[PDB]
Ligand SMILES: Cc1cc2nc3c(=O)[nH]c(=O)nc-3n(C[C@H](O)[C@H](O)[C@H](O)COP(=O)(O)OP(=O)(O)OC[C@H]3O[C@@H](n4cnc5c(N)ncnc54)[C@H](O)[C@@H]3O)c2cc1C
Ligand code: SF4
Ligand code: SF4
Ligand code: SF4
Ligand code: SF4
Ligand code: SF4
Ligand code: SF4
Ligand code: SF4
Ligand code: SF4
């Protein structure tokens, strides 16, 4: 059956005005004066190959459809290419709104395992893409040091990075467990 | 994966002008002059409990998206209650 | 001239040839590259900025304080790292409350963000501080190459803040490429994203590979011999994603991917082993 | 204040194009000022009662005049007025006397039923009562919209085909105050 | 108070103001920077919403201006200095050298036929050619020839072929000094130049044109003899796209205002293309359809119903030139909620209205203030639309802001009345 009594109508029960106020107060206030021209969607390269519609994301953020936004997988189709923001005739900070919505979604638990893996790599080694043995050998062969002069080479720098991560609660956000060093 | 190379873009390959001309010649002439106000969809009782959107059907008929229309299950959600037609400001 | 040298992750950990070519090129230009001891992920904006702005800003601010300690501007040759560091810098400089919060977080690390240095891009430093004439003087092997220039999204955008070149139709990278003798070939959707930014590569590999496949189809129709980029994240996308595209759809492009530093090294007669072509998955 | 209780409304809806651009009532013309005065009254309600929520239901926003587009943008940026592109299908009175506007959000592509304490209809402009009597008394013709007809649409906007008789202001058709004043001076 | 008036600008607004002042009995000067009067109205083929011929109705007024006893017409001239105050304005004008004697030239056109040098015609808006010696259009007032010395080579063939002895290669600029009591500024507008909109590709793509260029092309007396032809190959386009709000309602270029007429003339030109070429497909990309004027909503409905013109609600993201020089418009259909990439043989940009070239110089010369949109500002936005805070100076037409012909005509008549009141009082 095509019947579904909740997905095809919008009432006040679907609206969270506090979400919109939070987004605007956090640096996405420009979304207030979007007049829905559709330039952003036409400029969006991901919108051409996925169900992602940035204009509808902006509209939902203005209306206050929190649950519809944060739980939406298409929210993660934006590459932050800024093509929409360069062309918006109302100068809306579209990418800022997208990132704020992604922050809210992550707070709600809509984080992909791969992104959490990247975060865990940063926690453990300070690098989102840590070096592997083959690259170590390549570095040695070409006259560079076996390790780059980064957190890879300085444990105290890694400790500082871990202190920063603990202070911001990022480890709790991705569910990193220090005791076992896993997610 | 959310990737879908054909469903998320409209080109001339998705358009069948002969379908639009056939519908207009068979008595759907008025659809040419929809201004997409959305009164029909707001009036539709099946529009608020199913994915059926009458305004989008009118728009697709004008554009010529034959395959998107004829294969659409929601096309069969209309009860022919005539509320939309009664309230259309363009008399479609 | 002295400048702090930020490496990032992908360049130093997957493609050291870019780093070696950059070091040699800057030694030839009389610019002292100072290592940023203890630097970490910038962090990659796609994941961290999408997850928590505070953590991203704090890590970027620590990276910036590393250079502030030396009293030197930061130089980056990654569009992602440049975007992250530059955005954090101009967010903390122009926002006192956010600066106070980030400094409160940084306190326990024995660091404080002062907003005393600038974040600069590798291509911008080459164009302004060196100039096309001195870059040209150093060319010893004028190249014969048709190259597709991939600007990357975060080199020039958001242009309101970066103000380096026109994002729609820029010419800075084309000029820097052409002083080497190679020809920058126009192709359809040249300013298109590679698909790796915003964390899309790790979230939905198919979508990013579709971005890359569209770009590669356009580049191949124009006839290019190689792809030139100023972003190791775009470099990795193109290189590894050509192999992934071949594995998934059996489509062959065989278009070598070069960083701008590698192209300059080739035009300047650097030793071949210094380019570390063995790192690249696509044979050059 | 609400007509029902003497209390300030917390939620106000405005409906555009009431009595205009509608062939169901034989009013196929634009009234040319309802968009702007709707936005103006929304801004005034926000000024007097900042906590009030105001939503406008529109088909087109015709902010064509001088400073009108800036006024339109200011309605959103400064006062936080909400714009829904949709011609409302119905207004339903609830038992508690609040009003549910049932309308499609065409840019979301979905039906919405939103509750409001007050609904304001953006009524259009029509010829005044007794217009036909005076028109026959003078001997003037009328245009398709019911207003008086000018001698030439382009080059004689204030003249009529009856020599010595001239038109000024909304007598010749809907328009705002500066246009009517210019027409009055030209007629003089 | 002097009983003489100066009207600056020879467009429909200026023509109406000058004729109204002259009929009321006041001696009037008219100053026009172009060789002939008419303004932009003379360049149009038809006018909305009636699709009536623009020149057929404008030319009689131009002739009336040219032969009025109370009007002194000074074309190809510019106001250089304005001093004094209301009733007591001293104005110094410079009449540029035509190198043709206005009193002797009959506008026969033999010199044009014989001239060997080709140069662009300003009346054709960059798509039509004429000779170094030219008459801007057949209905020009005064019907007199003009030599542009940037292109003249001094071959003297025009001198040989001229039977009236009207050619004057030794002519010099002339200084005129007039005393007036009131001034009406009717300097009109220029079309927005969309070259800076790099994504739409004007000036780069071959088959991308503006609305005014389309007006000249569709005009039966235009450079193409009234045929809409692709610039690339000179053949009729089978698919035409129109883009609204080019140069308007766009903060990326600092143009946050509506140009107030582009919707209507876009629809008018689409209807004219359909009338001439019924098999052509015409599509309009719009944000709002602003059919506000009398008969405008009916004109819009007629565009959809009678002509079958397609309307897509969406501001196009980009215009891409294909190898065969066809143009792909990439734009969201916001009502379908989906991205579309449609192909067309020609793309017409609905460019907006901007203040004319040299507007700032004249504004400073007179001493007037300008509004936020860049046009001249009136004394009161509601009750004094044609007055300025400078006593004795009035505004008429698009000089005060974008608007259509009837609005400009009403403003010109009102300005004539407002300027006549002080001259009637006399003190
Ligand atoms: C493509 C297009 C189509 C249009 N179609 C229609 C239509 O169908 N119907 C309609 O009603 N309106 C239409 N309009 C609008 C219409 O053109 C204007 O309303 C009208 O032309 C305004 O007349 P004007 O005299 O105020 O200005 P203009 O027509 O611009 O005339 C101004 C005059 O002043 C002169 N001038 C400028 N600067 C100086 C100076 N410093 N010194 C002396 N003289 C100077 C100019 O050269 C010109 O002679 C259209 C506009 C465009 C761009
Ligand atoms: S381009 Fe700007 S104004 Fe247009 S829909 Fe997108 S965010 Fe809104
Ligand atoms: S930044 Fe995101 S929403 Fe904007 S154009 Fe790029 S992918 Fe689309
Ligand atoms: S009510 Fe009529 S004009 Fe409005 S969307 Fe429906 S069919 Fe179109
Ligand atoms: S006839 Fe009834 S069910 Fe069918 S579209 Fe119209 S309102 Fe909906
Ligand atoms: S001015 Fe606006 S509200 Fe009034 S009739 Fe026209 S479109 Fe409708
Ligand atoms: S200058 Fe002489 S030849 Fe030329 S148009 Fe005038 S009268 Fe004729
Ligand atoms: S003298 Fe000048 S205007 Fe006359 S024919 Fe020669 S080039 Fe032409
Ligand atoms: S009149 Fe229409 S096309 Fe012109 S600027 Fe206004 S909305 Fe855009």
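What you see of chain A is 2-184, where the numbers are those given in Swiss-Prot.
Determined via electron microscopy, 2.2 Å.
Each residue, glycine too, has its Cβ placed from N, Cα and C.
Residues annotated as [4Fe-4S] cluster 1 binding site in Swiss-Prot, with sequence analysis given as evidence: A:35, A:38, A:41, A:89. According to Swiss-Prot, the feature [4Fe-4S] cluster 2 binding site maps to A:45, A:79, A:82, A:85, an assignment based on sequence analysis. Among the features that Swiss-Prot reports, domain '4Fe-4S ferredoxin-type 1' is placed at A:25-55. The domain '4Fe-4S ferredoxin-type 2' annotation in Swiss-Prot covers A:68-99.
The structure, with features from Swiss-Prot marked on it.
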residue: A:35; record: [4Fe-4S] cluster 1 binding site; DSSP (3 states): coil
residue: A:41; record: [4Fe-4S] cluster 1 binding site; DSSP (3 states): helix
residue: A:79; record: [4Fe-4S] cluster 2 binding site; DSSP (3 states): coil
residue: A:85; record: [4Fe-4S] cluster 2 binding site; DSSP (3 states): helix
Around the Cβ of residue A:89 ([4Fe-4S] cluster 1 binding site), the count of other Cβ atoms that are within 10 Å: 21
C-alpha spacing of residue A:38 ([4Fe-4S] cluster 1 binding site) relative to residue A:79 ([4Fe-4S] cluster 2 binding site), in angstrom: 19
Short-range binding-site residues relative to chain C, from A:38, A:79, A:82, A:85, with Cβ separation under 8 Å: A:79, A:82
Whole-number Å value for how far residue A:85 ([4Fe-4S] cluster 2 binding site) lies from residue A:38 ([4Fe-4S] cluster 1 binding site) (Cα to Cα): 11
Using Cα positions only, nearest of the binding-site residues to residue A:82 ([4Fe-4S] cluster 2 binding site) (A:35, A:41, A:89): A:41
Against chain E, in sequence order - binding-site residues A:35, A:38, A:79, A:82 with Cβ under 8 Å: A:38
Close-lying binding-site residues around ligand 3 among A:79, A:85, A:89, where CB distance stays under 6 Å: A:79, A:85
Candidate with the highest Cβ count within 10 Å, taken from the binding-site residues A:35, A:41, A:79: A:79
Spatial neighbours, same chain, of residue A:85 ([4Fe-4S] cluster 2 binding site) - Cβ under 8 Å, 6+ residues apart: A:40, A:41, A:42, A:44, A:45, A:55, A:95, A:96
Entries of A:35, A:38, A:45, A:79, A:82 (binding-site residues) sitting next to ligand 2, with Cβ under 6 Å as the cut-off: A:35, A:38
Number of other Cβ atoms within 10 Å of the Cβ of residue A:45 ([4Fe-4S] cluster 2 binding site) across all protein chains: 26
Cβ neighbour count (within 10 Å, all chains shown) around residue A:38 ([4Fe-4S] cluster 1 binding site): 27
